[PDB]
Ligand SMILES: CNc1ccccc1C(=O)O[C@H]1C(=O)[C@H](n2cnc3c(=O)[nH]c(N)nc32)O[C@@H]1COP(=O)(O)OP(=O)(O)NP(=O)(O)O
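The chain that follows stands alone, in the form solved without the named molecule, written as C-alpha cells.
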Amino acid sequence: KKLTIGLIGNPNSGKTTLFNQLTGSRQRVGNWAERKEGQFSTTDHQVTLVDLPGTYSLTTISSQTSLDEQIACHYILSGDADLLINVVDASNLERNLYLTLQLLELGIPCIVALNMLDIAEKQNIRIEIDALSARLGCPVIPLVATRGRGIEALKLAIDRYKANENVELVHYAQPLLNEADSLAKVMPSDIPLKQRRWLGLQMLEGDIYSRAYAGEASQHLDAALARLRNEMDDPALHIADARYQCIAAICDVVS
C-alpha cells in the first residue's frame, strides 16, 4: 500500500536533515511548477515523501504572504498527501504549534515528530509526550537521534496511523462558530465541511488569502462581521486570542 506523506515544519526545525535521513539516496529534486521528493519503506508501506517549503503558518493575517507559504498551503489543501509529518522544534514549542494547530483544525491526518530534543534538554525543557498527543489528538513521536531510534519509531507510527482523534482544540465563542458555519454552507462544497468551517474562521479573522478558496462566501462576509461586532468588540481578536489561549494552555501542561 503506497502512501504519500508531506513533510512540513518551521524554518530551522531540522526538516531538511530528517528528509535526507528518511530517504537517503532515494530522492529526486524537481520544482513546484525547488521541490524535493523521496522514497522509503516501512513494514507495511512504500512511502513517497514530499518536502514542503519551511513555513511558520499556512497563511498571514496581518501582512503579506510569502511564496513558500502559498506553496505549502496549496499543497496541503490539495489533499494529495495521505498524511503529514509535522516536524516540530521541541525547544521552541509554543511558536511551532501555530502551524500544527492549523493542520489539526483542517482535519489533516498528522504525526508530530518532536525534533531537537538535545537542544531542548540543554535549554532545560522537558516535553510530556502523551500530554501533548492527548491534547492535539494525533501521535507525537520523539525523534531520538541515537542510532536512528527516532526514525524507527516514526516509521512504526506511520504503519499505525489512523485518523486524528476528534478533539476540541480551540474554544471559540459561539457566535463565531455560528457565523463561520453559515459562511461554510455557501463555500464550494468540493471542500470538506471541516476545512470550509476553518476557512470561515480565517475569513472572520481578516485572512485575505482565504477568500480565494471561499468562492461565494466572500459576498456574505460584511454582514457576518457587522452582526459579530454588535455582540463582541472585535471578532478577529477573539479568534486570535482563543487560538493563543489553546496553545498557551497546552504548553503550560506539556512543557
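Throughout, we count residues from 1 along the sequence that is shown.
From this point on, the text means the form solved in complex with the named molecule, which you will not see here.
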property	result
Per-stretch contact check against the named molecule in the deposited complex, the hit in 115-123, 170-178, 102-110, 152-160 (non-hydrogen atom, 4.5 angstroms)	115-123
Residues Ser57, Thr59 and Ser66 all lining the named molecule in the deposited complex, heavy atom within 4.5 Å	no
Distance check, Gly14 to the named molecule in the deposited complex, heavy atom within 4.5 Å	yes
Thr23: touches the named molecule in the deposited complex, heavy atom cutoff 4.5 angstroms	no
